[PDB]
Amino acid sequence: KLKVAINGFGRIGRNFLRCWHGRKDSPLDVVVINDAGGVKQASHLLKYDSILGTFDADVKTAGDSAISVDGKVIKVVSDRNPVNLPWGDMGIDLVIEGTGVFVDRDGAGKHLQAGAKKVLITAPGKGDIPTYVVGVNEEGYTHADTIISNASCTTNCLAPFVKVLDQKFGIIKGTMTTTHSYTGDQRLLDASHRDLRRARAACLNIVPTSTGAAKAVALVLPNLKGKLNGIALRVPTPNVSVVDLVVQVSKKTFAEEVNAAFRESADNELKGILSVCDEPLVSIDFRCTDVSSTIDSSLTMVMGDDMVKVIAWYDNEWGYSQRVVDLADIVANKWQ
């Protein structure tokens, strides 16, 4: 019931399509896809995936202008410049901007120029762009918004439980470290990169790198402005990441009280977004989890009664993608 266009059929673009496919009675209708790769490439890389495994659905080529998924057809275009896109011609209502290169208002606006009605950036938007994290501040959304951001994968894992920590105990200050799976932005072997660390062989190193999730939390949760900072450590795993948040709170507490606070939310206002796991699991066990963040309850610690340490897992590819579909769903429900 809503014409959606996928701009950039990469990890997020493909995960998004498969996430959408699995939804029941979806308000969205993916009609077109744009990628620098060919049509035979789109179908091949959509059907076979080194992380999600083979797609359980009939995926084949539909000529040279489209692909087929369980019968349904989806147009396939290719144009590095968004302005030259048939968005208007097709009456595209929403464009899923997942190229990683059109994050500001100028770049992302080119979709609007091409005739698109609205755009959702699958990443933090630079400049003055409204960003939303489902379960944290999506209510602030309004159809009047033509360009919106769904933040980063890390921000979607952090915001949900930081919100609980702040409402229940009151965060004073804090730092975070995310031991993150490597991503396409890194190099397979030591090679040129503006970030001299991300330039190093990704499957061979623990790669420290900056993160904006810490400060970005303040966007969706104003009360946290200037209260958090952090860094990231990219490690040799292909997917699934973990956040290590340490905060000083105003109200004294203890490990199990903190955990119970998370469970209360997980069962109510954050059901489907936040989860608490009591099992002694490892990263691979969290692949394909729909929630944005899963607290490893047994790792929660409190030092000196007011320094809380929380460990939360998140499938950076799949989990975030479900959040993209959710935000897109909201756009379709609060339309015109």
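Start at 1 and count along the sequence shown; that's the residue number.
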| query | finding |
| --- | --- |
| 237-245 set against 123-131, stretch whose average Cα temperature factor tops the other in the entry | 123-131 |
| Mean C-alpha temperature factor, higher of 100-108 and 168-176 | 100-108 |
| Candidate set 205, 78, 209, 229 [ranked by C-alpha B-factor, highest] | 78 |
| Residue of maximum C-alpha B factor among 158, 191, 216, 74, per deposited coordinates | 74 |
| Assigned third (lowest, middle, highest) for the C-alpha B factor of residue 297 | lowest |
| Third of the chain, ranked by Cα B-factor, where residue 27 sits | highest |
| CA B-factor placement of residue 223, once the chain's modelled residues are sorted into thirds | middle |
| Modelled-residue ranking by C-alpha temperature factor, third containing residue 282 | lowest |
| Residue 38 - which third its CA temperature factor falls in, relative to the rest of the chain | highest |
